[PDB]
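The chain below stands alone, shown as structure tokens; this is the form deposited without the ligand.
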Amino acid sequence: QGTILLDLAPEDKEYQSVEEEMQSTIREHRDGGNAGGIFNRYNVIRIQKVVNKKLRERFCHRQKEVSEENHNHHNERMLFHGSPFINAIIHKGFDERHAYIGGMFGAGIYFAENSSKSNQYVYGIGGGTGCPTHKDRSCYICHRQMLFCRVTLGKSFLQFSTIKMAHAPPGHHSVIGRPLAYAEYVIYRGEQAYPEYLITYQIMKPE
């Protein structure tokens, strides 16, 4: 009835692939490192595949609906996600009723093609107050977690603005904020993402 976490072995292609996506999509942030910390590399502690029958059924069911509405293309992408909700997501799935980033009049679940972007939201908006233990947004000690996710984008609506909506526009299934400094991918239904890989990691302190 629950989630099985399967550990990948570091010598497997699949683990190496996930780390490669993670390490290589790091970019400099306009922050100067304030929200996510100062680093140019991660220390990857563990990578786990999340398996949950119920999460998978909801994802696959929505994926078929999107294909039908999108000339038989679900338009799936692998994308990164960071939020303080990681533990609830791997057990309960993504839930849009948490409007982590939007607000009390905002909506949408955010993903990034750049892992360093997702890492800014691991402790909250603007990096919250940092790690629970040390209250350090730039903690090199505490193990952080993020997700590398299957995301059903369907027909994406592209925008280039400091604006954001509370649903996808007519005909569409996701919203892309284009560079902004980096791209952001927004979906408005939780069943449009599956939390494939759970990455446990530290940011590294430069020498």
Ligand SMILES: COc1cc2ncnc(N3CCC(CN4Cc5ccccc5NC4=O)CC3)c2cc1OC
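We call the rigid core the largest set of C-alpha positions that still match within 1.5 Å between the two forms. Start at 1 with the first residue shown and count on from there.
The entry models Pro179 and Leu180 with a gap of 4 to 9 deposited residues left without coordinates.
For the pair 97 to 105 and 76 to 84, the mean Cα B-factor is higher in 97 to 105. Comparing 167 to 175 with 154 to 162, the stretch with the higher mean C-alpha B-factor in the PDB entry is 154 to 162. When the modelled residues of the chain are ordered by C-alpha B-factor, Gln48 sits in the lowest third. Looking at the C-alpha B-factors along this chain, the one for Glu191 belongs to the lowest third. Sorting the modelled residues of the chain by their CA temperature factor places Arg41 in the middle third.
Compared with the other modelled residues of the chain, the Cα B-factor recorded for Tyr123 ranks in the highest third.
Annotation for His29: C-alpha temperature factor in the highest third relative to the rest of the modelled chain, per the entry.
The protein also exists as the form deposited with the ligand bound; that form is not presented, and the subsequent description refers to it.
In summary, the binding site of this form is blocked: after superposition of the surrounding C-alphas, the ligand from its pose in the bound PDB entry has 3 or more atoms within 2.4 Å of backbone or C-beta atoms. Though the partner is left out of this view, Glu76 does not reach within 4.5 Å of the ligand in the bound PDB entry, counting heavy atoms only. Using a 4.5 angstroms threshold between heavy atoms, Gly130 stays clear of the ligand in the bound PDB entry. Although the partner is absent here, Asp136 lies well away from the ligand in the bound PDB entry, with no heavy atom inside 4.5 Å. Using a 4.5 Å cut-off to the ligand in the bound PDB entry, each of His81, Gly93 and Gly124 places a heavy atom inside that distance. Core-superposed comparison between the shown form and the other one: among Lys164, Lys49, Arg58, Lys155, the single residue whose C-alpha moves by 2 Å or more is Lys164. Comparing the forms between the shown form and the other one on their rigid core, the Cα displacement of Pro132 stays under 2 Å. Relative to the superposed rigid core, the position of the CA of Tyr100 differs between the shown form and the other one by 2 Å or more. Note on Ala88 and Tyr100: their C-alpha atoms are more widely spaced in the bound PDB entry, a change of at least 3 Å from this conformation. A shift of at least 3 angstroms brings the Cα atoms of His173 and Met104 nearer to each other in the bound PDB entry than in the displayed structure.
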